[PDB]
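Trainee: Mind looking over this structure? Questions follow.
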Amino acid sequence: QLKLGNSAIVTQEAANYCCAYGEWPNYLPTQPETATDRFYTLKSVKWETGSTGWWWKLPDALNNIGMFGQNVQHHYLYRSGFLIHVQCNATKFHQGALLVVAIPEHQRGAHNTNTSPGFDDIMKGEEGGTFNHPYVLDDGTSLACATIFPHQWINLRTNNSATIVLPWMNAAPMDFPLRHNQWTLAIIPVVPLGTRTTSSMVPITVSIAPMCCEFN
Amino acid sequence: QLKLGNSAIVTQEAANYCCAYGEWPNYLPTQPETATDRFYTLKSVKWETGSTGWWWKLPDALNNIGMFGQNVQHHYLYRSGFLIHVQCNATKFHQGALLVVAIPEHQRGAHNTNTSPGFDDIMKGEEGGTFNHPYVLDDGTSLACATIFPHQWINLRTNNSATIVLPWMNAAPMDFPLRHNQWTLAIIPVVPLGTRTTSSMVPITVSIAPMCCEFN
Amino acid sequence: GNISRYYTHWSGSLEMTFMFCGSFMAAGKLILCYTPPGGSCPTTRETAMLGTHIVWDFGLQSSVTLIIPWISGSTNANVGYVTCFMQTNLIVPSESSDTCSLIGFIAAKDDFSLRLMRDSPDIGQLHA
Amino acid sequence: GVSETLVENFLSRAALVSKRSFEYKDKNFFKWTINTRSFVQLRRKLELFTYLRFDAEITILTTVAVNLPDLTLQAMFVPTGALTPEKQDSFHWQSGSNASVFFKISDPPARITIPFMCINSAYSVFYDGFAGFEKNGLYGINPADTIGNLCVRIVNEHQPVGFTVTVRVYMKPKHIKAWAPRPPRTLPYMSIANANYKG
């Protein structure tokens with residue numbers, strides 16, 4: 001049970017949630033404080049034997065759903081931490097691994113061109129984007145070193161959920177929401193799915209919930 | 001100064017406000033409590049030498065403006081008192097009287113027909129309606145006995161403001177807002193306006209502010 | 001204006017003071033409306049009365065101290081609006097002139113902050 | 001000494017609220033909706049207050065005239081609730097859930113206390129608004145305000161005499177609690193449903 005505001009997830013084996021960078025979301029010393037604290041559940045993404053990954057930029061992934069879709073497009077500054085729950089239902093007979101990482105300031109880079117990524121290639125909204133080269137995180141870095149960020153492992157042998165608690169990672173005290181994205185939740189299938197007669201989907205559910213919202 | 005929520009009136013001679021029926025608005029022993037408590041100022045109505053009067057039904061007069069226009073058309077029950085400020089700017093050289101009365105359950109009646117008043121003739125919205133026979137209050141009663149209701153007098157000799165504080169006048173604990181109207185603020189010019197070379201408008205400003213709002 | 005062009009990154013909370021300058025009998029109502037940065041400039045009164053406004057009458061109140069909250073401004077950039085809409089029609093007697101006049105007064109508060117002194121673009125190009 | 005002017009002392013007069021004669025040989029009985037809107041002597045007194053709350057005391061006085069038997073009468077009060085009869089020998093007269101009352105003409109008159117039947121705290125005498133969400137809904141008729149129906153039939157089977165049975169219903173409200181007084185109406189009424197005026 002994870003009851004925030006009005007709606008909740010009834011999760012069964014609540015795995016050890018990762019407080020990101022050792023911190024925890026808390027208010028700065030207007031504030032709605034109750035309405036926006038709710039689990040905005042995204043769509044279930046089609047994870048197959050040949051999927052490369054998914055990235056949702058926060059808070060661009062929530063600027064179209066509920067009070068937080070309203071409280072962004074009225075206001076001018078937000079300051080809110082996050083709690084991301086990524087739960088991936090699968091039987092015992094499936095195999096595979098996920099790297100559920102929450103990258104701050106994930107400045108992307110286009111392939112084989114010196115042109116900047118456009119507004120259509122960065123801000124996708126709720127739907128999220130697919131990695132084009134997941135080994136290099138689409139910015140020239142390495143996925144092998146990507147555990148330096150806040151990460152958890154969904155190894156479908158061991159567990160099938162990953163909860164990350166993301167704090168306010170910014171130099172500024174309050175930031176414009178539509179023109180900047182701090183965290184980029186990235187789910188990369190390191191070890192891909194595999195089973196013979198049922199090689200189809202194993203869906204992945206992403207449940208982003210803003211915490212400790214402020215607005216001016 | 002009458003500062004409610006975010007916006008206010010800077011009124012100059014705050015006359016003796018009439019607590020209606022001796023009571024005062026207070027909560028029942030969801031609640032926003034701060035956003036809807038604000039002075040929704042209606043239009044300034046054209047008061048002339050031959051105007052008969054104006055009636056605004058509450059809360060039909062506010063179901064199209066601000067948070068209270070939103071918090072009605074999402075919810076199902078409201079329970080809120082009212083504070084009506086009627087301020088009528090006029091010089092010393094004008095004359096005239098107003099009866100600023102707040103009639104509860106003002107069931108209107110059409111003239112010279114046995115047909116019920118329709119939805120177009122009762123719910124006017126923010127714009128308010130004009131009396132057709134102000135001597136009988138358009139329901140067969142008498143204006144001469146209409147001081148039994150919560151009333152104040154705007155005599156343009158004496159004062160030029162009238163503040164009424166309206167409580168929750170209902171048998172039910174919470175009521176549907178769109179399909180019922182409790183108070184009917186009625187401004188009747190008992191003694192009409194008069195001046196010779198400037199017989200034109202003396203505008204009347206109505207500033208309704210909900211108090212102690214509840215919603216489910 | 002002229003001092004905060006000698007400084008690059010300004011901050012703080014300004015405050016306005018409007019003042020009516022008509023005859024004593026002349027009455028009427030304004031609705032001064034503040035729009036936060038990023039808020040749309042209101043065009044009609046019903047949009048404007050939903051902002052953080054004030055309803056000002058020309059009686060004993062011939063001056064309104066309007067406070068503007070923390071802006072921290074610091075390229076055409078815009079960090080707010082103050083639009084004043086006329087609520088009632090202007091009542092003047094037959095003896096006074098029909099045209100009356102408002103004047104404003106901007107003043108910064110004591111939390112106003114200036115830093116990183118640059119030079120002003122005001123004067124720019126003399127005999128003797 | 002002003003104790004006669006009390007509000008309970010002002011409205012508790014057993015006035016004739018209903019007077020219907022039904023033949024015997026609405027099919028040969030009467031169904032009367034319990035409301036105050038019938039007689040303007042009592043309607044004007046109760047339309048001085050906005051919210052009323054009262055336990056009614058329905059007294060049915062019944063006298064016979066043959067165009068003289070000893071007849072048995074049933075007076076089934078149907079609430080705002082269950083269905084009402086539509087004929088004289090329907091299955092609704094033999095209902096146990098409805099508070100029927102059986103009496104004869106030769107007895108002293110029938111008397112039952114219908115309690116406060118509204119689901120609000122008081123009867124909205126004047127109501128401003130519509131009942132249902134349809135825009136042609138009835139204006140000023142609160143669905144909570146409805147008392148019910150007082151259905152009276154003759155228990156006897158058909159008799160060889162053809163007679164007219166006169167029923168006079170008296171409603172004396174008691175334990176009256178009143179709220180929010182109103183100006184007394186000057187112009188006459190036009191319909192019992194609403195409050196129009198002729199002019």
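Residues are named by chain letter and number: chains run A, B, ... in the order of the structure tokens, numbers start at 1 in each chain, and ligands are numbered from 1 in the order shown.
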Report as a PyMOL selection string: the residues of stretch 43-102 of chain B with a DSSP assignment of helix (DSSP H, G or I), based on the backbone of this structure.

Mentor: chain B and resi 60-62+67-74

Trainee: List the spatial neighbours of residue C:105 as a CSV table (one decimal) with N, CA, C and O atoms, in the first residue's frame - criterion: any atom at most 12 Å away, only C-alpha atoms, same-chain residues fewer than 3 positions off excluded.

Mentor:
```
chain,number,residue,atom,x,y,z
C,14,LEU,N,9.0,45.4,-5.9
C,14,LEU,CA,8.5,46.8,-6.2
C,14,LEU,C,7.2,47.0,-5.6
C,14,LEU,O,6.5,46.0,-5.2
C,15,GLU,N,6.8,48.3,-5.5
C,15,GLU,CA,5.4,48.6,-5.1
C,15,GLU,C,4.9,49.8,-5.8
C,15,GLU,O,5.7,50.7,-6.0
C,16,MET,N,3.7,49.8,-6.3
C,16,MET,CA,3.1,51.0,-6.9
C,16,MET,C,2.2,51.7,-6.0
C,16,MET,O,1.6,51.2,-5.1
C,17,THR,N,2.1,53.0,-6.3
C,17,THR,CA,1.1,53.9,-5.7
C,17,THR,C,0.5,54.7,-6.7
C,17,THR,O,1.1,55.6,-7.3
C,18,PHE,N,-0.8,54.5,-7.0
C,18,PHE,CA,-1.6,55.3,-7.9
C,18,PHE,C,-2.2,56.4,-7.1
C,18,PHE,O,-2.4,56.4,-5.9
C,19,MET,N,-2.6,57.5,-7.9
C,19,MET,CA,-3.2,58.6,-7.2
C,19,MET,C,-4.1,59.3,-8.2
C,19,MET,O,-3.7,59.6,-9.3
C,20,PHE,N,-5.4,59.5,-7.8
C,20,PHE,CA,-6.4,60.2,-8.5
C,20,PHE,C,-6.3,61.7,-8.3
C,20,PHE,O,-6.0,62.2,-7.2
C,63,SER,N,-5.6,57.4,-3.1
C,63,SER,CA,-4.3,56.8,-3.3
C,63,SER,C,-4.4,55.3,-2.9
C,63,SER,O,-4.9,55.0,-1.9
C,64,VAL,N,-3.8,54.5,-3.7
C,64,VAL,CA,-3.8,53.0,-3.5
C,64,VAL,C,-2.3,52.6,-3.5
C,64,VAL,O,-1.7,52.7,-4.6
C,65,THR,N,-1.8,52.0,-2.4
C,65,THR,CA,-0.5,51.4,-2.4
C,65,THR,C,-0.7,49.9,-2.9
C,65,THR,O,-1.2,49.1,-2.1
C,66,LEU,N,-0.3,49.7,-4.1
C,66,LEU,CA,-0.3,48.3,-4.6
C,66,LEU,C,1.1,47.7,-4.5
C,66,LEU,O,2.0,48.2,-5.0
C,67,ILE,N,1.1,46.5,-3.9
C,67,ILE,CA,2.4,45.8,-3.6
C,67,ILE,C,2.5,44.8,-4.7
C,67,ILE,O,1.6,44.1,-5.1
C,102,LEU,N,-5.2,60.3,-13.5
C,102,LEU,CA,-4.5,59.4,-12.6
C,102,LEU,C,-3.0,59.6,-12.8
C,102,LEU,O,-2.6,59.8,-14.0
C,108,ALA,N,10.7,51.0,-4.9
C,108,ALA,CA,11.1,49.7,-4.5
C,108,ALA,C,11.0,49.7,-2.9
C,108,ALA,O,11.0,50.7,-2.3
```

Trainee: Can you tell me, as a PDB file with C-alpha atoms, in the first residue's frame, what residues are no more than 9 Å from residue B:198 when counting only C-alpha atoms, ignoring any on the same chain fewer than 3 positions away?

Mentor:
```
ATOM      1  CA  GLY B 194     -33.535  62.348 -10.006  1.00  0.00           C
ATOM      2  CA  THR B 195     -31.474  65.274 -11.271  1.00  0.00           C
ATOM      3  CA  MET B 201     -26.571  56.639 -15.059  1.00  0.00           C
TER       4      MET B 201
ATOM      5  CA  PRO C  93     -20.998  66.747 -11.366  1.00  0.00           C
ATOM      6  CA  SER C  94     -22.112  69.361 -13.872  1.00  0.00           C
TER       7      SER C  94
END
```

Trainee: Do you have, as JSON lines, the list of residues of chain A lying at most 8 Å from chain C, each with its nearest atom pair and that distance in Å to one decimal, counting only C-alpha atoms and ordered by chain then number?

Mentor:
```
{"residue": "A:74", "atom": "CA", "partner": "C:39", "partner_atom": "CA", "distance": 7.1}
{"residue": "A:75", "atom": "CA", "partner": "C:38", "partner_atom": "CA", "distance": 7.2}
{"residue": "A:76", "atom": "CA", "partner": "C:38", "partner_atom": "CA", "distance": 5.9}
```

Trainee: Fewer than 5 positions away in the same chain doesn't count, so skip those; otherwise give me all residues within 8 Å of stretch 140-145 of chain A, counting only C-alpha atoms, as an mmCIF file with N, CA, C and O atoms, in the first residue's frame.

Mentor:
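Printed below is part_30.cif as written:
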```cif
data_model
loop_
_atom_site.group_PDB
_atom_site.id
_atom_site.type_symbol
_atom_site.label_atom_id
_atom_site.label_comp_id
_atom_site.auth_asym_id
_atom_site.auth_seq_id
_atom_site.Cartn_x
_atom_site.Cartn_y
_atom_site.Cartn_z
ATOM 1 N N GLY A 109 21.999 13.773 -27.218
ATOM 2 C CA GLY A 109 22.789 14.084 -28.391
ATOM 3 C C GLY A 109 22.368 13.281 -29.603
ATOM 4 O O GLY A 109 22.199 12.063 -29.521
ATOM 5 N N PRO A 134 21.162 2.650 -26.935
ATOM 6 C CA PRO A 134 21.118 2.565 -25.469
ATOM 7 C C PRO A 134 22.453 2.240 -24.831
ATOM 8 O O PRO A 134 22.592 2.413 -23.616
ATOM 9 N N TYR A 135 23.437 1.784 -25.602
ATOM 10 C CA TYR A 135 24.742 1.485 -25.029
ATOM 11 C C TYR A 135 25.499 2.751 -24.661
ATOM 12 O O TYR A 135 26.354 2.723 -23.771
#
```

Trainee: If we count only C-alpha atoms and set the cut-off at 12 Å, which residues sit around residue C:113, ignoring sequence neighbours fewer than 2 positions away in its own chain? Please answer as number ranges by chain.

Mentor: C: 3-4, 7-14, 70-74, 108-111, 115-117

Trainee: Would you please extract all strand (DSSP E or B) residues from stretch 6-156 of chain D, as assigned by DSSP on the backbone, and give them as a PyMOL selection string?

Mentor: chain D and resi 15-24+30-33+49-55+58-66+72-79+99+102-104+110-112+123-124+129-130+139+148-154

Trainee: I want to know what sits within 8 Å of residue A:11, based on only C-alpha atoms, with residues of the same chain fewer than 2 positions away left out; could you give that as a list in words?

Mentor: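 Contacts, in chain order: residues 1, 2, 9, 13 and 14 of chain A.
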
Trainee: Output C-alpha atoms of each residue in that selection to a file, as a PDB file, in the first residue's frame.

Mentor:
```pdb
ATOM      1  CA  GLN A   1       0.000   0.000   0.000  1.00  0.00           C
ATOM      2  CA  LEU A   2       1.316   3.405  -1.110  1.00  0.00           C
ATOM      3  CA  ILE A   9      -0.907   1.385  -5.708  1.00  0.00           C
ATOM      4  CA  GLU A  13       6.592  -6.958  -2.373  1.00  0.00           C
ATOM      5  CA  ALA A  14       7.662  -3.355  -1.766  1.00  0.00           C
TER       6      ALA A  14
END
```

Trainee: With 12 Å as the limit and counting only C-alpha atoms, what residues in chain D lie close to chain B? Please list them as a PyMOL selection string.

Mentor: chain D and resi 44+47-53+118-142+144-145+178-199

Trainee: Keeping C-alpha atoms for every residue in the selection just given, could you write it to a file as a PDB file, in the first residue's frame?

Mentor:
```
ATOM      1  CA  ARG D  44     -51.587  31.822   2.863  1.00  0.00           C
ATOM      2  CA  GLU D  47     -46.762  30.753   2.983  1.00  0.00           C
ATOM      3  CA  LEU D  48     -45.684  33.267   5.551  1.00  0.00           C
ATOM      4  CA  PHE D  49     -42.739  31.086   6.592  1.00  0.00           C
ATOM      5  CA  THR D  50     -39.952  29.731   4.442  1.00  0.00           C
ATOM      6  CA  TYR D  51     -39.085  26.470   6.215  1.00  0.00           C
ATOM      7  CA  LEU D  52     -41.694  24.564   8.212  1.00  0.00           C
ATOM      8  CA  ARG D  53     -41.483  21.322  10.168  1.00  0.00           C
ATOM      9  CA  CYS D 118     -39.199  14.912   4.663  1.00  0.00           C
ATOM     10  CA  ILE D 119     -35.569  13.896   4.204  1.00  0.00           C
ATOM     11  CA  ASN D 120     -34.407  17.437   4.901  1.00  0.00           C
ATOM     12  CA  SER D 121     -34.627  19.201   8.221  1.00  0.00           C
ATOM     13  CA  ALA D 122     -37.736  21.185   7.237  1.00  0.00           C
ATOM     14  CA  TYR D 123     -40.315  21.444   4.494  1.00  0.00           C
ATOM     15  CA  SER D 124     -39.169  23.920   1.877  1.00  0.00           C
ATOM     16  CA  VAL D 125     -42.483  25.718   1.404  1.00  0.00           C
ATOM     17  CA  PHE D 126     -40.989  28.140  -1.076  1.00  0.00           C
ATOM     18  CA  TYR D 127     -38.402  26.420  -3.248  1.00  0.00           C
ATOM     19  CA  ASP D 128     -36.289  28.155  -5.892  1.00  0.00           C
ATOM     20  CA  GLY D 129     -34.880  25.768  -8.446  1.00  0.00           C
ATOM     21  CA  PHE D 130     -35.915  22.751 -10.445  1.00  0.00           C
ATOM     22  CA  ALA D 131     -36.414  19.185  -9.300  1.00  0.00           C
ATOM     23  CA  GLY D 132     -34.750  16.981 -11.884  1.00  0.00           C
ATOM     24  CA  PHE D 133     -31.798  17.563 -14.162  1.00  0.00           C
ATOM     25  CA  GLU D 134     -34.106  17.914 -17.168  1.00  0.00           C
ATOM     26  CA  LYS D 135     -34.513  21.574 -18.091  1.00  0.00           C
ATOM     27  CA  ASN D 136     -38.270  21.076 -18.384  1.00  0.00           C
ATOM     28  CA  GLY D 137     -38.241  19.885 -14.769  1.00  0.00           C
ATOM     29  CA  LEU D 138     -40.856  21.188 -12.378  1.00  0.00           C
ATOM     30  CA  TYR D 139     -39.906  24.563 -10.941  1.00  0.00           C
ATOM     31  CA  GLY D 140     -40.260  25.044  -7.216  1.00  0.00           C
ATOM     32  CA  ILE D 141     -41.335  21.472  -6.463  1.00  0.00           C
ATOM     33  CA  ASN D 142     -38.881  19.858  -4.077  1.00  0.00           C
ATOM     34  CA  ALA D 144     -37.997  15.914  -0.622  1.00  0.00           C
ATOM     35  CA  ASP D 145     -41.029  18.073   0.242  1.00  0.00           C
ATOM     36  CA  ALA D 178     -40.980  27.513  11.732  1.00  0.00           C
ATOM     37  CA  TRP D 179     -38.110  29.474  10.205  1.00  0.00           C
ATOM     38  CA  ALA D 180     -37.457  32.620   8.123  1.00  0.00           C
ATOM     39  CA  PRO D 181     -40.702  34.612   7.813  1.00  0.00           C
ATOM     40  CA  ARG D 182     -41.928  36.050   4.528  1.00  0.00           C
ATOM     41  CA  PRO D 183     -44.151  38.904   3.377  1.00  0.00           C
ATOM     42  CA  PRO D 184     -47.819  37.967   3.152  1.00  0.00           C
ATOM     43  CA  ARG D 185     -49.121  37.599  -0.372  1.00  0.00           C
ATOM     44  CA  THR D 186     -51.405  40.338  -1.694  1.00  0.00           C
ATOM     45  CA  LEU D 187     -52.385  39.301  -5.228  1.00  0.00           C
ATOM     46  CA  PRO D 188     -54.517  36.151  -5.620  1.00  0.00           C
ATOM     47  CA  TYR D 189     -53.225  32.736  -6.558  1.00  0.00           C
ATOM     48  CA  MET D 190     -53.604  31.199 -10.009  1.00  0.00           C
ATOM     49  CA  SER D 191     -52.287  27.631  -9.758  1.00  0.00           C
ATOM     50  CA  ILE D 192     -51.569  25.300  -6.869  1.00  0.00           C
ATOM     51  CA  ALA D 193     -48.208  24.241  -8.303  1.00  0.00           C
ATOM     52  CA  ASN D 194     -46.447  27.611  -8.517  1.00  0.00           C
ATOM     53  CA  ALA D 195     -46.827  31.183  -7.288  1.00  0.00           C
ATOM     54  CA  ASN D 196     -47.963  33.188 -10.300  1.00  0.00           C
ATOM     55  CA  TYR D 197     -50.083  36.322 -10.022  1.00  0.00           C
ATOM     56  CA  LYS D 198     -52.735  37.829 -12.264  1.00  0.00           C
ATOM     57  CA  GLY D 199     -52.071  41.522 -11.641  1.00  0.00           C
TER      58      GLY D 199
END
```

Trainee: Hey, what's within 8 Å of residue D:163 if we count only C-alpha atoms and toss same-chain stuff fewer than 5 positions away? As an mmCIF file with N, CA, C and O atoms, in the first residue's frame, please?

Mentor:
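Output file around.cif is given in full below:
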```cif
data_model
loop_
_atom_site.group_PDB
_atom_site.id
_atom_site.type_symbol
_atom_site.label_atom_id
_atom_site.label_comp_id
_atom_site.auth_asym_id
_atom_site.auth_seq_id
_atom_site.Cartn_x
_atom_site.Cartn_y
_atom_site.Cartn_z
ATOM 1 N N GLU D 23 -68.479 8.612 -5.953
ATOM 2 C CA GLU D 23 -69.627 7.736 -6.106
ATOM 3 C C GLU D 23 -69.260 6.313 -5.705
ATOM 4 O O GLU D 23 -68.092 5.980 -5.492
ATOM 5 N N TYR D 24 -70.273 5.460 -5.606
ATOM 6 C CA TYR D 24 -70.050 4.039 -5.393
ATOM 7 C C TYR D 24 -71.089 3.261 -6.179
ATOM 8 O O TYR D 24 -72.290 3.405 -5.934
ATOM 9 N N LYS D 25 -70.628 2.443 -7.118
ATOM 10 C CA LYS D 25 -71.484 1.487 -7.806
ATOM 11 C C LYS D 25 -70.635 0.337 -8.337
ATOM 12 O O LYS D 25 -69.525 0.102 -7.856
ATOM 13 N N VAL D 64 -72.374 9.842 4.732
ATOM 14 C CA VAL D 64 -72.926 9.114 3.597
ATOM 15 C C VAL D 64 -74.212 9.795 3.145
ATOM 16 O O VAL D 64 -74.873 10.498 3.914
ATOM 17 N N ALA D 65 -74.546 9.631 1.867
ATOM 18 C CA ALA D 65 -75.834 10.052 1.336
ATOM 19 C C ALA D 65 -76.186 9.140 0.173
ATOM 20 O O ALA D 65 -75.360 8.930 -0.719
ATOM 21 N N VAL D 66 -77.400 8.595 0.190
ATOM 22 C CA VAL D 66 -77.847 7.630 -0.809
ATOM 23 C C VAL D 66 -78.702 8.345 -1.844
ATOM 24 O O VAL D 66 -79.686 9.010 -1.498
ATOM 25 N N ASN D 67 -78.330 8.206 -3.112
ATOM 26 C CA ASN D 67 -79.091 8.793 -4.204
ATOM 27 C C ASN D 67 -80.339 7.964 -4.491
ATOM 28 O O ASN D 67 -80.266 6.920 -5.139
#
```

Trainee: Where does chain A meet chain B within 12 Å, residue by residue, with the nearest atom pair and distance in Å to one decimal for each, counting only C-alpha atoms, listed by chain and rising number, as a Markdown table?

Mentor:
```
| residue | atom | partner | partner_atom | distance |
| --- | --- | --- | --- | --- |
| A:6 | CA | B:30 | CA | 11.5 |
| A:30 | CA | B:35 | CA | 11.0 |
| A:31 | CA | B:34 | CA | 11.8 |
| A:32 | CA | B:32 | CA | 9.6 |
| A:33 | CA | B:32 | CA | 11.8 |
| A:34 | CA | B:32 | CA | 10.9 |
| A:35 | CA | B:32 | CA | 10.7 |
```

Trainee: Could you please take those selected residues and save C-alpha atoms as a compact mmCIF listing (two decimals), in the first residue's frame?

Mentor:
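In the end it all went to out.txt:
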```txt
# COMPACT_ATOMS: atom_id res chain seq x y z
CA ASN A 6 -6.38 10.24 -3.22
CA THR A 30 1.75 28.98 -2.94
CA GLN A 31 1.64 25.33 -1.80
CA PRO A 32 -1.27 22.95 -2.53
CA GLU A 33 0.54 20.06 -0.74
CA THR A 34 -2.21 17.43 -1.12
CA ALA A 35 -3.80 17.41 -4.58
```

Trainee: Measuring atom to atom with only C-alpha atoms, identify which of B:24, B:78, B:55, B:168 is nearest to residue B:216.

Mentor: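 Result for the nearest residue to residue B:216: B:78.
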
Trainee: Could you tell me which of C:33, C:25, C:60, C:126 comes closest to residue C:47 if we count only C-alpha atoms?

Mentor: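 Ranked by minimum distance to residue C:47, first place goes to C:33.
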
Trainee: Rounded to one decimal, what separation in Å do you get between atom CA of residue D:70 and atom CA of residue D:88?

Mentor: 18.8 Å

Trainee: Could you work out how far atom CA of residue B:200 lies from atom CA of residue B:50, giving the answer in Å with one decimal?

Mentor: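 Separation of atom CA of residue B:50 and atom CA of residue B:200: 10.0 Å.
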